[PDB]
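1. Based on what follows, work out the 3D shape:
(chains A, B, C, D, E, F, G and H)
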Amino acid sequence: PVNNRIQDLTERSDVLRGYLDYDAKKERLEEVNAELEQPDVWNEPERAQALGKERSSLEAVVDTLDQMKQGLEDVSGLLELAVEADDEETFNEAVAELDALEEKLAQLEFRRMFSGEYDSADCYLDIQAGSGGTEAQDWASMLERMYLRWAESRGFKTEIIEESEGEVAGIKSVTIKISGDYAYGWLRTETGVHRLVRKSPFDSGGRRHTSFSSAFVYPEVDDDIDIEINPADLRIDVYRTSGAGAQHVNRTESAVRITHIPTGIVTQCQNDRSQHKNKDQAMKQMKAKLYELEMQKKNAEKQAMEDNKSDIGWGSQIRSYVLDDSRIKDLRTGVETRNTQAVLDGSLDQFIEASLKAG
Amino acid sequence: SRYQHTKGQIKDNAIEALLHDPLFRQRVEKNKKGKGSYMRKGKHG
RNA sequence: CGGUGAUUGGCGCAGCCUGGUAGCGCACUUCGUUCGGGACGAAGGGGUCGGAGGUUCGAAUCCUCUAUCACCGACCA
RNA sequence: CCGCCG
RNA sequence: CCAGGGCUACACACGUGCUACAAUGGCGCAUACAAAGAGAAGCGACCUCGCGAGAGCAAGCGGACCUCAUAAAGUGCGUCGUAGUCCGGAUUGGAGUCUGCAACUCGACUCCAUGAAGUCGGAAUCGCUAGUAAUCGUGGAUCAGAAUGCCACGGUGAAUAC
RNA sequence: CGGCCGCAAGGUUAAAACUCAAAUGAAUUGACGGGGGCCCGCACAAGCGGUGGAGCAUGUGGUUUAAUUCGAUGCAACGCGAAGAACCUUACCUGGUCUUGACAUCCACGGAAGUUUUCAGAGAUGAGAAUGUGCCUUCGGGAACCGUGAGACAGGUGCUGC
RNA sequence: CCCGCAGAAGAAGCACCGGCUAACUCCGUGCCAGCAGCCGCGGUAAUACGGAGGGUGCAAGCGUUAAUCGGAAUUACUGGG
RNA sequence: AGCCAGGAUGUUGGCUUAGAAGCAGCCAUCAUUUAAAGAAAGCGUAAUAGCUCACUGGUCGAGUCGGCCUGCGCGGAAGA
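-> Numbering: from 1, shown residues only, chains lettered A, B, ... in the order given. Please see the structure below:
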């Protein structure tokens, strides 16, 4: 009857405990309040509010699970002792304690895999085949069918944007937009190199290959809301232009220099006869030069952050897909499945949910 | 430990540059028997 | 700054002056051919004409305004 | 006569 | 292990088939000529009922004898008059029969009504040289039921190979 | 590179770092050739009728699905495994149940096997209420079958046809 | 150097084990970790990786590295094309 | 107007049970004790404390407080 949820709430209550070190969170907490046993923490309020911010996190994480620790026993214990009575008011009161625990569980589910910097926004997959010829390209499209049969099965919407098909079979690249709610939160554990071992129908020898394919998940965000700065932050001078033709080049202050003191770049203009046009041209010229200092601010972050991803070693070989030997092994979390034709064409929640709990 | 990759100063993508790098080249194996299985001396003797 | 002449399918261009009906090649789709891909052949499909408003019964076309691009003139002290 | 590739 | 469901889903694409697009044809009446198989919780005459699928009754036969079982194209006679038409038999509505515990998903068949595309088929492409191709029906296996498939049988019967 | 020679083009002299574990020569057996000669099969040619367009029947890919079980996928997969999916088949799906088990062997205890129906449940199962109590005597027992417990183990249409 | 004293008493490692080249199996791992003088091993039944048992070699040493000649008739007078 | 007094309570007000006890904000903006005392106008606190002011008595002893319509004025007002 209702024992299938009683058995289900127990198994997903201790995986949260094991993948947070439930005994060792109270270990850190008992170190936290030990410093709060000292009275003189109030002399350093930059340190003081840091400790109390860590305290309520360590309190509310274990207090959701410590009330869950009694909660698994007594809600079962309300029904397993009054199955002797078989009372109908007992079924009314059991489900009231139940969905409260199911709310405490699911808000602690969505606590850790929430998580940070527009993680709930919509998404973009960008799958490539890489190297290997046809067989790498036939595997780039099996990943395309795999995620499109997964991400449609959990209530999201697939939108193929850019696509590069193979010469003979498969695809060279695909770039989908997969939109829903908490789309990027389910797909952020997919950025990696998916390794396929099987025997090609496209090879003439029927030999055994080991192909690789990327699947780069990145979330969406708005790019630029960028306008003119406050004019107090820019200094405008005028001067006589350097040139020849008459003393018209050497009588009027028709040049202009707009200097941007939060950066220090000097946009100038001598193009026109009139100062009001030179100032109008040099102002637009500097907003172009404030685009490029904000592009190079973004592009330097794009290089510096992924000189780290390049140097991780082994370039994230995540999830060996060894179809010929009929198994599949995730790498950073180690979850193994014997069903290959189920993980192909959907059913990726053994791999995703077990990797959202781990870091 | 680190990995000295091919593509000097990778800009954008941090995972689709290495996919062309010979760390992720296609490992294809040898048959036996199979179109390309001649021994001449095997592993032993 | 004015003045001149464009914006037509995924792309490159016709038709626009002369108001009623939008094509050409390439690319795409399906089929055929081949062991397979290209090439080749056979079928097709695709736009309401930069945005906005006028004139007329009716606007891709005719006026007017912008929006972008291209060319030209910006001279004498 | 045309007939490229694996 | 069990009950219901699915393998019968359907914007689609391909293969292999059957039915056609008619007049060397359709329909109606009459009438001639086969071979090969199968049959016992099976094949099921005659008779009676039902327009029919079938039912009731009740012989015979584990069979060269009893049943399935009237061969169909053919031929005689009449009509149709070259029209999407008396071609086509799709889809569908109603009423049913049988098997089976059960026929909604999802069976075959009969009756009445419905009357779709199709007027010989682009590039292409397949099979066959003789009782073959083509056409015409018959039987069997699997099987309670459920074939245009498969596997067998005989009817008519070519054209062409320089 | 340097020198010498040349109007020039360039000739002549002539390295090294580095890199590979071979490069090569003649000849043998095959295979291939838009090389040659000879020869055969519906291969072409000469014909006949198809397929490709239409509707349906069936199989497949894709898509859908809770599942649309799995295998076959150039020729040599696609009316193929299937000589027959309403239930069964059936391996799949959703839910309801079971653990020495649906099937096998051994041990210990019970019970002759079975036959008649009720009730609950979708059924599997969960109790009943009834009836029967034999073939060979060690007469702590047989054999046949059923129920129960304990562990060896059964079970697998799970994987690899590389 | 000799005599006497006690007590088997204080005293065995290092390399290798696919072929060359003497000496083989089990387990772990699965083109990974690693080996390597050359050819090459490792892709799930690895005598080649790593460990174990066994064996072979040398032995107060045993291996690696470097250098030299040898094999090399591979600068050949001996002794080549 | 000064000067002396009080300036109460459940009220840790839920709130995000990290805070707002009046003090960043949603409401509500009550009833109580009251002669009065905002379920708070500044200060002060991560939030509670602590210091005042509204409001309330004593004191004193006669005029006082904020707006309207206007007359003349001041600042704003730095050049070779």
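
2. where does residue A:295 land in three-state SS?
-> Per DSSP: H, G, I helix; E, B strand; the rest coil, the secondary structure class of residue A:295 is helix.

3. Look up how far residue A:226 lies from it.
-> From residue A:295 over to residue A:226 the distance is 11 Å, taken as C-beta to C-beta, to the nearest Å. All C-beta spots, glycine's among them, are computed from the backbone N, C-alpha and C.

4. One more: residue A:55?
-> 41 Å.

5. Just want to know which of the two has more residues nearby.
-> Neighbours were counted for residue A:55 and for residue A:226 using other C-beta atoms under 10 Å in any protein chain shown; residue A:55 has more, 15 against 10.

6. Quick check: residue A:125 touching residue A:174?
-> Yes: using C-beta atoms under 8 Å, residue A:125 makes contact with residue A:174 at a distance of 7.4 Å.

7. neighbours of residue 44, just the number please.
-> Going with chain A. Other residues close to residue A:44 by other C-beta under 10 Å number 11.

8. try again with chain B
-> 4.

9. Helix, strand, or coil at it?
-> Three-state call for residue B:44 (three-state DSSP): coil.

10. ok, residue 8 - how many residues close by?
-> All of this is about chain A. As a burial measure, residue A:8 scores 11 neighbours (other C-beta under 10 Å).

11. The intended chain is chain B.
-> Neighbour number of residue B:8 under other C-beta under 10 Å is 5.

12. How about residue A:244?
-> 8.

13. And it, how far from RNA strand C?
-> 10 Å (C-beta to the nearest atom of the strand, to the nearest Å).

14. Ramachandran angles for that residue?
-> Backbone dihedrals for residue A:244, given as degrees, to the nearest 10, come out at phi -150, psi 170.

15. same thing with residue A:128?
-> Residue torsions, per degrees, to the nearest 10, at residue A:128 are phi -130, psi 160.

16. Tell me how many other residues crowd it.
-> The burial count assigned to residue A:128 is 25, neighbours taken as other C-beta under 10 Å.

17. Likewise for residue A:325?
-> 10.

18. wait, it sits on residue A:197?
-> Yes: counting by C-beta under 8 Å, residue A:325 does reach residue A:197; the two are 7.4 Å apart.

19. tell me the contacts of residue A:134?
-> A:166-170, A:200, A:202 (C-beta atoms under 8 Å, 6 or more residues apart in numbering or on different chains).

20. And it, how far from residue A:14?
-> Counting by C-beta to C-beta - residue A:134 and residue A:14 are separated by 47 Å.

21. do residue A:354 as well
-> For residue A:354, the distance to residue A:14 - C-beta to C-beta - is 14 Å.

22. The closest residue to residue A:269 other than its chain neighbours in helix, strand or coil?
-> Closest residue to residue A:269 apart from its sequence neighbours, by C-beta to C-beta, 6 or more residues apart in numbering or on different chains: residue A:282 at 3.7 Å. Secondary structure state of residue A:282, per three-state DSSP, is helix.

23. what sits against residue A:282?
-> A:256-258, A:267-269.

24. on that earlier part again, and which of the contacts of residue A:134 is nearest RNA strand H?
-> Nearest to RNA strand H among the contacts of residue A:134: residue A:170, at 50.1 Å, using C-beta to the nearest atom of the strand.

25. What does that closest one show for phi and psi?
-> phi 70, psi -170.

26. hang on, isn't it packed against residue A:129?
-> Yes: taking contacts as C-beta under 8 Å, residue A:170 lies within contact range of residue A:129: 6.9 Å.

27. Report the set of residues contacting both of these two.
-> Counting by C-beta under 8 Å, 6+ apart, the residues touching both residue A:170 and residue A:129 are A:136-137, A:139-140.

28. Let me know the closest of those residues to RNA strand C.
-> For the shared contacts of residue A:170 and residue A:129, the nearest to RNA strand C is residue A:137 (11.8 Å; C-beta to the nearest atom of the strand).

29. Name the nearest residue to the closest one, ignoring sequence neighbours.
-> Residue A:137 sits nearest to residue A:170 (C-beta to C-beta, 6+ apart), 3.4 Å away.

30. Could you report the distance from the one you found to residue B:36?
-> Taken as C-beta to C-beta, the span from residue A:170 to residue B:36 is 24 Å.
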